[PDB]
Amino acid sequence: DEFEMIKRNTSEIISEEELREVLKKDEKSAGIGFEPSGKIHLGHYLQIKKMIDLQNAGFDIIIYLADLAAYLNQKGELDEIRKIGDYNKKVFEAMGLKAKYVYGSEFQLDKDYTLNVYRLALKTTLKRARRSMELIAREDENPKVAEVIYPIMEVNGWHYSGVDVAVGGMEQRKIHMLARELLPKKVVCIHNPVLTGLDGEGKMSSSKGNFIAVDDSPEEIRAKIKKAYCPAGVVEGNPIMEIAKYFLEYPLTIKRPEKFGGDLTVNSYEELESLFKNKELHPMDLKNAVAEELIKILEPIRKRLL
């Protein structure tokens, strides 16, 4: 059903009971925001895929091109940030998402909005605001006051958005917790898992250059996958298995030379995981299949961008 379709491949739903209450409503809205990113990667796509799930489930979708957040988070000047946000919109549209796109700065600098930001700054401890930014803040040896304005800026955004559901990666959870504690309307928070970087050494991120971009060329995708961390039998923190879990359609046919066991059809990610944990499926053949199927999945996106 819709709940299950929404829940599929999420890390958590802050409350399932509250989301069930939302799904009874006819008019319901879900939002996500992104600091504009020079490259749109599989992390982004995972969340937009989830936004599409909600859209299919009768939700109106709003995407915040979070230009002011990105400004607060040291991404550059607003005019430049906004150009990147416009590029990001194009990618999201190429992904098949029709939604309303709003630049946070269209409303986040209004006088009454600001006064509410100050109101929330009185209710939010520095310690809690800092903790909320631990996975989000730009690396800074000398953390700026802007870092603790960021979470109250976003919390007030959620308040102003009027959405019933907020979406983001697990790293967003502490900011979302603040929103649920501070605001008169508790937003349902759907968190998506954070993908491991291709080298398996941290989470996948724009600043770490450890991601596959939705517009990477086939040859780039093949090279990135060839080189990725993918230890035999190891599923945990294996970025290739995660791509297989989050992006691929099943039944999945894995091509292999007969000398390695010949073509392999797997009817679910859970079978794939079993075959991989049991070492019936070698990294090399997993990689080849994941690279080819991923290329196919991203191709219509790469094709539109042009």
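Residue positions are given as counts along the sequence shown, with the first one as 1.
When the C-alpha B-factors of 25-33 and 247-255 are averaged, 247-255 comes out higher. Taking only CA atoms, the mean B-factor in the PDB entry is higher for 127-135 than for the other of 127-135 and 148-156. When the Cα B-factors of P231, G104, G85, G169 are read from the PDB record, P231 comes out highest. Listed residues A70, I62, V266, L54 were ranked by CA B-factor as deposited; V266 comes out on top. In the PDB entry, a CA B factor belonging to the lowest third of its chain's modelled residues is recorded for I175. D164: CA B factor in the lowest third of modelled residues in this chain (values from the PDB entry). When the modelled residues of the chain are ordered by C-alpha B-factor, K224 sits in the middle third. Compared with the other modelled residues of the chain, the Cα B-factor recorded for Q47 ranks in the lowest third. For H41, the recorded CA B-factor ranks within the lowest third of the chain. Only modelled residues enter the ranking.
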